[PDB]
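Just the one chain here, laid out as structure tokens, in the form deposited in one PDB entry.
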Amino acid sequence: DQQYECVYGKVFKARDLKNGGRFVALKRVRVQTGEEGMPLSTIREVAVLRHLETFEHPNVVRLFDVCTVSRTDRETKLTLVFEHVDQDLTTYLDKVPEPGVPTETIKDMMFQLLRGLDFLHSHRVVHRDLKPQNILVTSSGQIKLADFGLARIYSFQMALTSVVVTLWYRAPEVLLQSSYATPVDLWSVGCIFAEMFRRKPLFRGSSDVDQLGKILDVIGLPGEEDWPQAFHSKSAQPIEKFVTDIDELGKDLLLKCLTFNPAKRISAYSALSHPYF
């Protein structure tokens, strides 16, 4: 706000007056003066970040401040500043030379992104919005989980709204309007995994109903005991047909994350204990 120059709101990267022209990314959150105070999310978002900040976990973005300038004239405005990073896992791919990232640069990020995820879960936090747009990439190739405004502390018998993750990266459980939990991040991972080996969203879809099938046409059709007769019974067509250029190990990893029954779907913890690494 006061000493900040910017080169539900726009994500403007900016340079702070204090630090050596440092880059303090600004996320000006808008608070429509209706009747509810600070946006419900811009709170849980900063809440979780402020809570776990003392651990300074490598694979997580760093929040610096929440300006907030009260205005007697018009409504107040929010200046949410984090640490600046060059490109989101998306950009990196749109501009990554052919053929995309190397089986090594790929294996790394997946280890990190999965590492930070493992961390986040240990503190009962479920970041419910994992997508390329929400991952960050340091110029040196490190991962930073971001846009935490969907993440929340998950506790037993907690109430839930089955509206998690952007259509594409949504896990089966959240599409069938059923109950969800942590595996919601592992699935959202498999997707981001496949989407690296081949800079293209493994499960594009138009509706929830459609989003489910596209996913079913790829991973196949689970049994009765892996289901919480609508969709079809087609033989899961080898993934090597959907994700181009993948190791035999990585093969297993993606099929460990993109499992239907979340009760089986590998955990961020052991996923790091997986051979592919």
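Each form is matched to the other, and the largest set of C-alpha atoms that superpose within 1.5 Å is called the rigid core. Numbers for residues come from their place in the sequence shown, where the first is 1.
As for the form deposited with a small molecule bound, it is not shown, yet the points below apply to it.
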query	finding
In the entry with it bound, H121 touching the small molecule (heavy atom, 4.5 Å)	no
Heavy atom of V85 within 4.5 Å of the small molecule in the entry with it bound	yes
Proximity of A25 to the small molecule in the entry with it bound, heavy atoms at 4.5 Å	yes
Partner proximity in the entry with it bound: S188 to the small molecule, non-hydrogen atom cutoff 4.5 Å	no
Candidate stretches 143-151, 110-118, 96-104, 202-210, one within 4.5 Å of the small molecule in the entry with it bound by heavy atom	143-151
Selected contact from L255, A263, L17, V11, since only one has a non-hydrogen atom within 4.5 angstroms of the small molecule in the entry with it bound	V11
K264 C-alpha relocation of at least 2 Å between the shown form and the other one, rigid core basis	no
